[PDB]
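The listed protein sequences correspond, in order, to chains A and A'. A prime marks a further copy of an entry chain.
For the first sequence, the residue numbers in the deposited numbering are 1 to 306.
For the second sequence, the residue numbers in the deposited numbering are 1 to 306.
Number of protein chains: 2
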Amino acid sequence: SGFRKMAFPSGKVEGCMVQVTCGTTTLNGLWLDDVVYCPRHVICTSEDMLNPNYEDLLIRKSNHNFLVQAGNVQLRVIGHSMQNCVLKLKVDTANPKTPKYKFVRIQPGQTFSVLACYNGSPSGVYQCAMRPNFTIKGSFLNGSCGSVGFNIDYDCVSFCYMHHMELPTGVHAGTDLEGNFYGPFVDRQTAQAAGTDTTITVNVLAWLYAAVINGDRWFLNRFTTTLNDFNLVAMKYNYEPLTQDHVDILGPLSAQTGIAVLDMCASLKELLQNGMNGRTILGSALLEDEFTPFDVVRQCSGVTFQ
Amino acid sequence: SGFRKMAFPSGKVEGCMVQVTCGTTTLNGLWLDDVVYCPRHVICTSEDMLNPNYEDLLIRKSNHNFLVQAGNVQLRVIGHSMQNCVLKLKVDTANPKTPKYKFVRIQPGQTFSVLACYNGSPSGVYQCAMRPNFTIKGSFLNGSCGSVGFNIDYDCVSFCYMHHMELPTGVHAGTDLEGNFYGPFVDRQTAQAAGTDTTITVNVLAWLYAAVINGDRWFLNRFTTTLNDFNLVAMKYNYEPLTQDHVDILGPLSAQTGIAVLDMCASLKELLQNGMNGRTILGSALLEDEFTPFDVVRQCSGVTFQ
Ligand SMILES: *[C@H](O)[C@H](C[C@@H]1CCNC1=O)NC(=O)[C@H](CC(C)C)NC(=O)OCc1ccccc1
Ligand SMILES: *[C@H](O)[C@H](C[C@@H]1CCNC1=O)NC(=O)[C@H](CC(C)C)NC(=O)OCc1ccccc1
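Pasting the structure below:
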């Protein structure tokens, strides 16, 4: 037993990280088949980035201005192009270590693993949630751009995120691998505005279910509640509204625990109005919202990939 | 910026996980060169495990009773032997994906990444600390035995932990890869006693330094303290005593922040006596102690492996 924030095994993605250089900017790219993907601001200098005209900047570049390195061996750029905020470099060699993969645009509230990279070299892996306001709470330094977020189902790697920028708020913003930002963000060095962040209610419930599965059962109470009775309390506390579709997603967890979902909502309601009184749940003094119901079921049994 | 609990990239270790079967028990083994390492209780039935005579149980086994599988391909056992609580299976083929590696016995307070495995197949990765009482707070289900904990320096994998058992307390116990348990534990299914756990003071300070590096600076105060003045407060709160060698380990973090270490101890003293007053530090309502000073410096800049 036990419950930990768990990332996917990163081996399949490690083999796809390369270094992309152009000017003095170096960052990470993703090498799949004969195409390298990286953030398009690799083509900016430090002055460009305040309001870059990316089309005019890319025009001044040719294939040989793009140095791509995988370890110490290397590809040549036989073509380049811009798709939204990513650059695609067509290269000599198809990556021999290309995993089965898809590109997916994930939804707010879903989680993924981030392989943090510097100079094309993997550095660490951790789990993140796409916040309701389309930011992530990451760990990214200069050079980290082009690090990717992914899920593994099967032997199949679903890439969902490429890192581009840190907002002066301290949280992080990026694109899908077609180069479209999550959220309202643009790739320029300007003060940019994330919305109010809300707590992912269905994730908090799933973690309360994980807590019961693991012996933490004190918060379980006497009360019950209705869906709209709870949703009134949810908006008081900036929790995203709970729907019937959320209830049904929790069905498996409800059936393994024998605790009805709105029995679980009633415990959550009192935690929100009464606090935790200095006690803890799965070793945390806060309500955790970065576990999806699938994360919980995975970890609590299943938990197996090619 | 930002600060997250980060595991090492797991690719090098994924290639070493195999399935070891003997009877109906299946668990994970580690395949390095032509030797497979796994917990010796793979040779027990469900009745043996209450007080197994491992030597007498191993004698009834021969090489062909040990089914070792790496993916779907497979090795033959040309020799077996017991070293402390691990079985070593000499096998046909040297693992083509063997990384450069060493076996190390880590010290209390150090951290490592755990690659959780089931049926020889990697499932997830997360970071753990060896507690002062030689347990870890893990996430392990049935079948997880033989999963390993490791560090990466270089391209060099330092294996330090193999998982064996869950204590009725809920925390986890295991051996080094020479088969010697961390702590007083034995591999039998008996109620077993971990000591009082203490908080790793030097790790908490390192995380407070990480907090200051990342903008969380409210806890920084006015006071100072002496080493033994702090150590009196530390034993009140079951914190391990702070020594001069701990101070010097924190030197780098002190010099990047400009905050003297016993200036940092004074802030920690007031957190311990006054609580956090419902505020948070790096998004946590508790004092975190599973980051070493090296973890902090790694993540806060460096953070790069083969
Ligand atoms: C790409 O490597 C970099 C990632 C930033 C670096 C600091 N923390 C991150 O997540 N992205 C940028 O530098 C980005 C470039 C624009 C053209 C998109 N600008 C940016 O994110 O400004 C925020 C910032 C810059 C430098 C240090 C701290 C924050
Ligand atoms: C090895 O796969 C297994 C790992 C346990 C399984 C449950 N959570 C774990 O960490 N180890 C054992 O089953 C161990 C065998 C002895 C001969 C060492 N016995 C044990 O740990 O008992 C505790 C336990 C057993 C089953 C479920 C929950 C706890």
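Using N, Cα and C, we set each Cβ at its ideal position, and we do this for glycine too.
Every beta strand (DSSP E) of 3 residues or more that sits fully in the segment 2-47 of chain A is shown, in chain order, as 17-22, 25-32, 35-39.
The contact set of A':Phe140 on chain A, defined by CB atoms closer than 7 Å, consists of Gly2 in chain order.
Separation of A:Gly2 and A:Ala70 (C-alpha to C-alpha, rounded to the nearest whole angstrom) is 38 Å. With three or more CB-CB distances shorter than 8 Å, the segment 261-275 of chain A' counts as touching the segment 225-236 of chain A'. Distances from the CB of A:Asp187 to the heavy atoms of ligand 1 include at least one below 7 Å.
Listed in chain order, the positions of the segment 156-176 of chain A' with a beta carbon within less than 9 Å of a beta carbon of chain A are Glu166, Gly170, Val171, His172. Proximity of A':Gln107 to chain A, defined by a Cβ-Cβ separation below 8 Å, is not satisfied. Only residues of its own chain outside the window of five on either side were considered, and among them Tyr182, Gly183 have a CB closer than 6 Å to the CB of A':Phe134, listed in chain order.
Using a cutoff of 7 Å, the CB of A:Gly215 does not count as near ligand 2, since none of the ligand's heavy atoms is closer than that. Along the segment 120-152 of chain A', the positions whose C-beta sits under 7 Å from a C-beta of chain A are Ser121, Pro122, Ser123, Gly124, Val125, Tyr126, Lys137, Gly138, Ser139, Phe140, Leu141, read in chain order. Under the Cβ criterion of 8 Å, A:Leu115 is counted among the residues facing chain A'.
Judged by pairs of C-beta atoms under 8 Å, the segment 53-72 of chain A does not touch the segment 100-117 of chain A, as fewer than three such pairs exist. Pairwise C-beta distances place the segment 195-208 of chain A out of contact with the segment 148-157 of chain A, as fewer than three of them are shorter than 8 Å.
A contact between stretches requires three or more CB pairs, one per stretch, nearer than 8 Å, and the segment 37-44 of chain A meets this requirement with the segment 86-93 of chain A. Contact annotation for A:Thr304 against chain A': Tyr118, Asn119, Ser121, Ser123 [CB-CB distance below 8 Å, chain order]. Judged by DSSP secondary structure, A:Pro293 falls within the alpha helix (DSSP H) whose first and last residues are 293-300. For A:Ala194, the closest alpha carbon among the candidates A:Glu166, A:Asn221, A:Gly215, A:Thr24 is that of A:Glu166. Straight-line measurement puts the Cα of A':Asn142 at about 36 Å from the Cα of A:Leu32. Under the 8 Å criterion on CB atoms, A:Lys236 is classed as non-interfacial with respect to chain A'.
With fewer than three CB-CB distances shorter than 8 Å, the segment 91-98 of chain A' does not count as touching the segment 118-132 of chain A'. With a contact defined as Cβ atoms closer than 8 Å, A:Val233 and A:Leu272 qualify at about 6 Å.
Here A:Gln192 carries a coil assignment [DSSP, helix/strand/coil]. The DSSP-derived three-state label of A:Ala173 is strand. Neighbours of A':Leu286 across chain A, judged by C-beta separation under 9 Å: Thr280, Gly283, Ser284, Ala285, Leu286. Scanning chain A for C-beta atoms nearer than 7 Å to the C-beta of A':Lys102 yields nothing, as the closest lies near 20 Å away. Counting C-beta atoms within 10 angstroms of its own C-beta, A':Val296 has 16 or more neighbours from the protein chains shown and is therefore classed as buried. Cβ atoms of A':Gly215 and A:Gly170 come within 8 Å of each other, at about 7 Å. Of all residues in the segment 6-28 of chain A', those with a C-beta nearer than 9 Å to a C-beta of chain A are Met6, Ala7, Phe8, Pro9, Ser10, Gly11, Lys12, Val13, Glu14, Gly15, reading in chain order. The closest CA to that of A:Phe140, considering only A:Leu27, A:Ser10, A:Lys269, A:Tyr101, is found on A:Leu27. By the criterion of a C-beta distance shorter than 7 Å, A:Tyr239 is surrounded in its chain by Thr198, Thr199, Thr201, once the five residues flanking it on both sides are discounted. Ranked by how close their Cα comes to the Cα of A:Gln189, the residues A:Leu57, A:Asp48, A:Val204, A:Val104 have A:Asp48 in first place.
Between the C-alpha atoms of A':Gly29 and A':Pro168 there is a straight-line separation of about 24 Å. For A:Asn203, the closest of A:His172, A:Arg217, A:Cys160, A:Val247 by C-alpha to C-alpha distance is A:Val247.
Beta-bridge analysis with DSSP links A:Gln69 to A:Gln19, A:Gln74. Counting every other CB atom within 10 Å of its CB across the protein chains shown gives A:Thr292 a total of 16 or more, marking it as buried. Here A:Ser284 carries a strand assignment [DSSP, helix/strand/coil].
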